[PDB]
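Chains as they are written, first to last, in the deposited numbering: chain A, 2 to 334, 353 to 512; chain B, 3 to 36, 46 to 67, 72 to 262, 269 to 372, 434 to 557; chain C, 300 to 730, 734 to 788; chain D, 9 to 101, 104 to 159, 166 to 200; chain E, 239 to 326, 334 to 594.
Here a beta-carbon is modelled for each residue, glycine too, at the ideal position from N, C-alpha and C.
Notes for the one structure printed next.
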RNA sequence: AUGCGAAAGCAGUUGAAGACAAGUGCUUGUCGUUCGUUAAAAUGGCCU
């Protein structure tokens, strides 16, 4: 004797654009939250060591949010003018913040009382500030002077290394993970520069012609750079020193860009981008950077960032809207005598000779309609299938199963008008869809065959059939012009 | 260990072992060289058996027990053949036999000569200055049995006819427990409680050599021509001395060492091994008492050998009459459709008031919301003019998007029908130029073929419904 | 009721009726404990042990109308589990073998009989075996090539058997039907489960493809039409279960059955592809998306001729480029890359179509050189380097009307190193064709002009394949599995 | 150079040839309940129960006697009618089997024992009518047979003993019925 | 030396058995395990260890086929709806009983089963039998060799315990008399050869809260005999009752008075009674409570007098839960909660 | 339901005798009966 096969629920033939696992993941990112700020929001960052925090820049307001309660946890506001950008050290204790007056404040996280150091670079406003990622005492900044300056936080006074060769309004840079000596700068005239520090550095090692003003640059690999500039964005390789791809599947200039990897996801690595149109998209660097997901917020979304790879906590997705809106979308995550009495439970038998097991796996819920099918209660199974809160698809598989076993007239013999009417209501609802149409058509055929005389009698049933006839003529028509347009397909091949 | 004592037959093919089973000694013989659980129990709950031996024509064994008596026990016949007795109430310590003479040795230092075939006590016997004694053996003098050996920590050589000791070699500290004649010139003494074995030479009466074990010795056996010595050792191990009687060579080391280990890392001991000319037998215990054997060629094995034996330690009960997982091998695995993708052979794949500007914008980009607005847009004239202003490639992707939209949201189909109609109307030339029309237009194809497939049964339902409708409306 | 017994002490009444269940009736309480699923009908059942330890019972497996197919069971009563499940190779044929009769129930269906129905059926069946000159007996039988295991496409359930142990190892349902959750009685018996038409293995040996059809319940609007389903199953080379990777409904459109399946050569897709050949002339080629995780169609050629031929065949060159579709009366060579006639730019009389004497039922290729085509009149061996027929062989007398088109292809099979073997069968007539038969089998060579070797066997031969160490296996009406070796 | 032979065996040879359903089962289990005996169409198999294994398979193509009894190519009429464990000739020799053909043939073999090329052959006379049943209580045997003069069958009961002389099987007409329809 | 001392036991020890023929000690406790020990005076070693999964044990007994005696079973049951059975050398052969033939509502848990023997008496073959404590009178009675459902009987009130009694009659002829006991103090006595009828019913004197019953002296499920020639008729009846009392009864006159009088009362104990057992002879009555340490005593019969030099305050007993003599050797193995059995050997045996 | 055919369809088919039951020698039925041809019921459901 073998166990009882489960009644297999039906699957329709597939429809185009099935929901992919990527869609499951990135739409499960949910439970949106909105915060209104004073002014535009420029830069966003996350704390790398214990990912439980992220930082937001704004007009004279640097706010630290906690990954646990999504409210502001800390505020820095000693800023005399518009603070541009915030960056957390690769070991977290310390953040840098580049203002517009012409200086950077570098001081340790969680302590707005200490201005640990104030460094005065060139007097022009500084748009970009960051920490290194291979050294922890080297901090990079640039200012409208188009010269990017590397300071060593041990020496506050002289630029540890000035760096020129740019063109106009330098506003991005990044480091190369593998090489602790290689720095890429996104100038604002395009033409990405690549520098090696251990040389003189006056000129870049080389340049890349990203024709539009390029806005952002990230190192996705020790070998691959992602360049956010203009309407499209491009991906470059280092050793070959040639561009690899572009994606331009947006409306406006791509604006914000960030890469994450090696985190729990059916996708191994992810790249997210912000394109001025509510549209933030998720690509992967393994499918040649194809579009995988997207959201739309109203205003021009200027910044975007994700919780890093070792979040181990409720993951977050931060978007900054030039309309002055911070938005976040997240995914959440007896008595001692009695025990000395019966202490034999938590043993599981490690150290005996031969271990037997036989217990049956706890099978899933046996629904009532399946139960009626099992116990031959065909009419009861049908009525259960027509109780309200059941899924249309499951009801369809129920009807298909009953037809396949063939007890159709069986389940319908004892039926009286009060029993028919829920059947007929579902019939009227279901006739519209395709597979639903076929099966319900068969069913109503046999219903008519049995119940002509009671149809004569009952007044309600007659208007039921009237409505049925209206709908069936309508769909007959729609099918007809459907066949006409397939006719044009055949022509216009 | 629970195997209190045991010994092979000469030639080592059956082993007789004595162990206790709930207040009774029981003896059992089992084969080694290719289960017979016929065991013999001692009826008395008190008395034990002190020593055992074999006898070769009919084969049997000999049991010297506490009572002061001897049993000659038939092996195949479950019975002691005869109950030899000494005229006293004492305790038999050892026995020995060769030919027909039998000699047994008391604790009270009584010696006894017995005839087997006569079932008789030939002679009681006792001497001077053998105050304590626990070992007896008799030498290979032919059929003569003169100059036998007794021992208690000082080995004594004695002749029978004049009834006096001759040679006393310096023994060990403990009582001695094994005394076996190696050669007509040499005999081995193994004193229990020590790792040191004494090879002694008889005529010179002198200490030839000393042999070192590594743990304490329990059992000694020797091969045919002093070729090898096998020692079962108390931690549970086998020590093999090869040619120990050759050329300070006074102290000689264990040449070869043997242990027994299961796969789970457990160690199990050996007890009463047996060796022969290029043939080695080892005995051990699977369960508490079931004896098991292994035969091998020690001449080719390395100097140190760690035998591995498959034992069922934590193995799991894969019952044969079942599958690996519950099921039984007469079932029939059912219809587990599982998560298969399902498809049909119609998914042809893998082979003036206008809004033209905004629709083309959204399709260059991709926005469900903006597309949804321009689709709630209605006026047919507007749709026509837009498609006229539209560019072909955007038109093609428009067809794909619209058909997908229909496929999901069926109800919208009508207005989307007129949309797709105008689209393929206006932009026919470019698409007839572009080759891979089936795959490029895929979803529209499959959607419309599905509806086509609907048509005939739909007609069937329509006609039956007319039949019934006229039926009841006529009256 | 089919079987009855009392146990040795008699307080337990075993009942072994039709519905796949055995009941144990405790007499005194007038009650019952009963085993409700046992893979067929209890033809016999009794208690065996001197104490009541084991039950024995003989089962029918009545799904197969073609033959009453017994199966034996010794059953530990204590657990009510099965200690001995004795089996047989259980094929299914075109028509019932000599003097095999459906058992008895309250009604007469295509599975059961009434009593006067039983007698009348018996006499008419014997008369038909005497009279008709259309009878045939041949069945698809398939070789697991990497494990060399016989598969029988028993209806809706595959039976995995093998000779090396002489024993069946597995029995798997492959149909979303009425498969096991039911003991059919009368009109469930009227109904019949969907039918497995074809089973093939991918040459690589990690896939089956199965084609099956399903029939609606009788007497209703949807009854007249059919439906045809195709299913791709995976498994790893060690377990003994099959996992349905991808199902396809209605290939080539509704009621457009796939008539023949060709696994792809190793060359094209590591043998990870298949061809479905219709009864219209349409040809589809299915492959496996590996960057996705499924099978899908990739290369089609869809003509819809206004004629129907139930007989088709097709073959593929080892190169993976030359494809030979023999539709009725005409063969065509097609390029794999274009699926079109191989145009002769040189025009060396290598015309893309061969129009033959008769409709083609079988095509095969031995090498890059020789094509073997059986028309129900003749066998024809044609050279390919020079477009001329090498050998003709008169077969028309041997096969007059005793075959429904489409079985000679699995009768004739060819060693792809050495050659091919012919299959002819006859019944000796005595002054009238008797029941006994006789089959001559001649091993033919690559040229076919020389007969490699003739043999003759008595009992009717129902199938042949060839084990891939260049030897051959033949399946006989009696489940006597025989071998032709070197 | 090419050998064509029969190797694998199927069909189990029910007692359908009766069709009157005396006892459709024919197999019997061992005296030591480790072994079961299933006579197929072409070979008789020994099934060991603690591992579900056909230990040895007894083809009918090796020994000519079985080939002469069941493998005559003119007609397959001769086939098993019964099978017992003990030995008819000597009382309590063990590894013995006795097989009974419809056509009066009794053949004695050695299950788990090499088939010596002289298995104990015996024939039963009086079988102008066909045989249907053979069985025994202690010592004594009874046999049922089918004969005729309604498309029905006369069942002749005989008492069977053995050895007035070696080949001779003593048969006496116990009883008879003219037209049976069901009989268990 | 502690039997368990060979290979520890991680829970209480819930039941013990001495195999009737070979020297084997079966120990089973809520560790979901089974252990079989070979018993020396000195060196008890771990013969085997069958550890289930997802099942406790609350009684495991040896049992021998009475007609074959080359077949020995071990019957395991916990608080579930099944009883495992184990046959008797590489990886074991274990079967299950779970299938009640419609009498299912009675026995919702198999936690109290006693194994016995029975002869059919029309045919005179014997088979093993398993008795099951049920709901409100239902002793449900299963055919051991088969797994079927033989017969059901119902004592009234609430069942609390029972026992098996034997009578020989003539050569190869005997009869099993179930003796069941509702808590209140009403004792039924059914026979089993003929289907379950009430041979005789009586009221125990006093004994309100009655929990255990045993018989001893002849043969019984604690000293199971070897062949039907070895079956004797039992002599001593013990009713151990909740407050700590034991009433000892002489069968010869209890049966023939049918409203008997206790022959003696033992109330040295003070806590709840759990285990009554006898030595195979019937000379020693071992009683043992379960609610406190040091709670065991032995009683001399027919004196009906408690022994007074054992066990003293230096007897490392612990909360005794299972009392097991051995048939021949003279051992008494006692199993306490802390996870250890302990041995004592009696010398007079 | 036979043959032929495609998943359509095209042709063809429904004979007697015997027997027995019920009914008034006669009416109906029935068949564990024959030859001849291509020939809906017993309140009664699936284990742990």
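Beta-carbon proximity of residue 151 of chain B to residue 161 of chain B, cut-off 9 Å: Position 136 of the second chain, counted from the first residue, corresponds to residue 151 of chain B. Position 146 of the second chain, counted from the first residue, corresponds to residue 161 of chain B. Not in contact: residue 151 of chain B and residue 161 of chain B (Cβ atoms no closer than 9 Å).
I'd like to know if the stretch 667 to 679 of chain C and the stretch 687 to 694 of chain C are in contact, where contact means that at least 3 CB-CB pairs between them fall below 8 Å. yes
Can you name, in chain order, every residue of its own chain whose Cβ lies under 8 Å from the Cβ of residue 749 of chain C, other than the five neighbours on each side? As a position in the third chain, residue 749 of chain C is number 447, starting the count at 1. Taken in chain order, the residues that qualify are 669, 680, 689 and 690.
Any C-beta of chain A sitting closer than 9 Å to the C-beta of residue 286 of chain B? By one-based count along the second chain, residue 286 of chain B stands at place 265. It does not: the Cβ of residue 286 of chain B has no partner Cβ on chain A nearer than 9 Å.
Closest Cα partner of residue 17 of chain D within the set D/10, D/49, D/24 and D/171: If you number the fourth chain from 1, residue 17 of chain D lands on position 9. The residue with the shortest Cα to Cα distance from residue 17 of chain D is D/49.
Using 10 angstroms around the beta-carbon of residue 321 of chain C, count the other beta-carbons present and answer buried if the total reaches 16, otherwise exposed. Within the third chain, numbered from 1, the residue matching residue 321 of chain C stands at position 22. Its Cβ being crowded by 16 or more others within 10 Å, residue 321 of chain C is buried.
If you draw a straight line from the C-alpha of residue 169 of chain D to the C-alpha of residue 43 of chain D, how long is it? In the fourth chain, residue 169 of chain D corresponds to position 153, counting from 1. In the fourth chain, residue 43 of chain D corresponds to position 35, counting from 1. Near 36 Å, if we compare the C-alpha coordinates of residue 43 of chain D and residue 169 of chain D.
Run through the stretch 36 to 65 of chain D for me and flag every whole alpha helix (DSSP H) of 4 or more residues, listed as ranges in chain order. none
For residue 342 of chain E, which residues in chain C fall below 9 Å Cβ to Cβ? Indexing the fifth chain from 1 puts residue 342 of chain E at position 97. Residues of chain C passing the Cβ test: 377 and 378.
Alpha carbon to alpha carbon, how far is residue 551 of chain C from residue 607 of chain C? In the third chain, the residue the question calls residue 551 of chain C occupies position 252. In the third chain, the residue the question calls residue 607 of chain C occupies position 308. Cα-Cα distance, rounded: 14 Å.
Which partner residues of residue 312 of chain B appear in the DSSP bridge assignment? Stepping through the second chain from its first residue, residue 312 of chain B is reached at position 291. Answer is B/306, bridged to residue 312 of chain B.
Which bits of chain D does residue 722 of chain C rub up against, with CB to CB less than 9 Å? Walking along the third chain from the start, residue 722 of chain C turns up at place 423. Within 9 Å Cβ-Cβ: nothing; residue 722 of chain C doesn't reach chain D, min ~13 Å.
In terms of residues, what are the limits of the alpha helix (DSSP H) holding residue 168 of chain B? Taking the second chain and counting its residues from 1, one reaches residue 168 of chain B at position 153. Residue 168 of chain B -> no alpha helix (DSSP H), and no H or E assigned at all.
Expressed to the nearest angstrom, what Euclidean distance is found between the alpha-carbon atoms of residue 3 of chain A and residue 520 of chain B? Within the first chain, the letter at position 2 stands for residue 3 of chain A. Within the second chain, the letter at position 438 stands for residue 520 of chain B. Taking the straight line from one Cα to the other gives about 47 Å.
Would you please verify whether the beta carbon of residue 477 of chain C is less than 9 Å from any beta carbon of chain A? Residue numbering aside, residue 477 of chain C sits at position 178 when the third chain is read from its first letter. Residue 477 of chain C counts as touching chain A.
Residue 199 of chain A: beta carbon under 8 Å from a heavy atom of the ligand PLP? Summarising the ligand content, the structure contains no ligands, and the ligand PLP is consequently not present.
Starting from the beta carbon of residue 456 of chain C, find every residue of chain B whose beta carbon is closer than 8 Å, and list them in chain order. If you number the third chain from 1, residue 456 of chain C lands on position 157. The contacting residues are 353.
Partners in chain B for residue 426 of chain E, counting only beta-carbon separations shorter than 9 Å: Indexing the fifth chain from 1 puts residue 426 of chain E at position 181. Simply none; closest approach about 33 Å.
At what residues does the alpha helix (DSSP H) containing residue 450 of chain B begin and finish? Locating residue 450 of chain B in the second chain gives position 368, where the first residue counts as 1. From DSSP, the alpha helix (DSSP H) with residue 450 of chain B extends over 450 to 458.
Please confirm if residue 273 of chain E has its CB atom under 9 Å from at least one CB of chain A. As a first step, residue 273 of chain E is located in the fifth chain; it is residue number 35 there, counting from the start. Yes, its Cβ sits closer than 9 Å to a Cβ of chain A.
Cα separation between residue 265 of chain B and residue 174 of chain A? No atoms of residue 265 of chain B appear, because in chain B residue 262 is followed directly by 269.
For residue 245 of chain B versus residue 317 of chain B, is the C-beta spacing smaller than 9 Å? The sequence position of residue 245 of chain B within the second chain is 230, counting from 1. The sequence position of residue 317 of chain B within the second chain is 296, counting from 1. Their beta carbons are not under 9 Å apart, which means residue 245 of chain B does not touch residue 317 of chain B by this criterion.
Where does residue 471 of chain A fall in DSSP's three states? Here residue 471 of chain A corresponds to residue number 452 of the first chain, with the count starting at 1. Three-state DSSP puts residue 471 of chain A in a helix.
Closer than 7 Å, Cβ to any Cβ of chain A: which residues of the stretch 512 to 531 of chain C, in chain order? 516, 519, 520 and 521
For residue 169 of chain D, the three-state DSSP class (helix, strand or coil): Taking the fourth chain and counting its residues from 1, one reaches residue 169 of chain D at position 153. Residue state, collapsed to three classes: strand.
6 Å Cβ shell around residue 220 of chain B - same chain, five flanking residues per side excluded: Translated into the one-based positions of the second chain, residue 220 of chain B becomes position 205. Within the same chain, residue 220 of chain B has close Cβ partners 182.
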